[PDB]
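Heads up, the thing below is written out as structure tokens.
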Amino acid sequence: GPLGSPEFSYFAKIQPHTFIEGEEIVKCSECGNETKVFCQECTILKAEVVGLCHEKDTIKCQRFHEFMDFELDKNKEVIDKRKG
Ligand SMILES: [Zn+2]
Ligand SMILES: [Zn+2]
């Protein structure tokens, strides 16, 4: 049936990707809100700390996570580090 507003509450599902709450407070480009989320499944393969938003659960941003590969040069600032 159609996926809208069914009466099947008290239900949970498991996903392949693992989303965890990091520390560094990042601001989504679309949501533009204070959030600190990072996918462990991606952090490994990509080998880098990825930033996500809690809204990912139900938002267009969710797509960005899937099409992460599709990325280009946006910022033009020199990289940096801390305590490295
Ligand atoms: Zn977002
Ligand atoms: Zn992921």
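The numbering of the sequence shown is the authors' numbering, which starts it at 1 and goes up by one.
No residue lacks a Cβ here, since even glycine has one placed at the ideal position from N, Cα and C.
Query                                                                 : Result
DSSP three-state assignment for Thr-43, whether helix, strand or coil : helix
Heavy atom of ligand 2 within 8 Å of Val-26 beta-carbon               : no
Pairwise C-alpha distance: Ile-79 and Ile-14                          : 36 Å
For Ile-20: DSSP bridge partner residues                              : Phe-38
Ligand 1 heavy atom lying under 8 Å from the CB of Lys-46             : no
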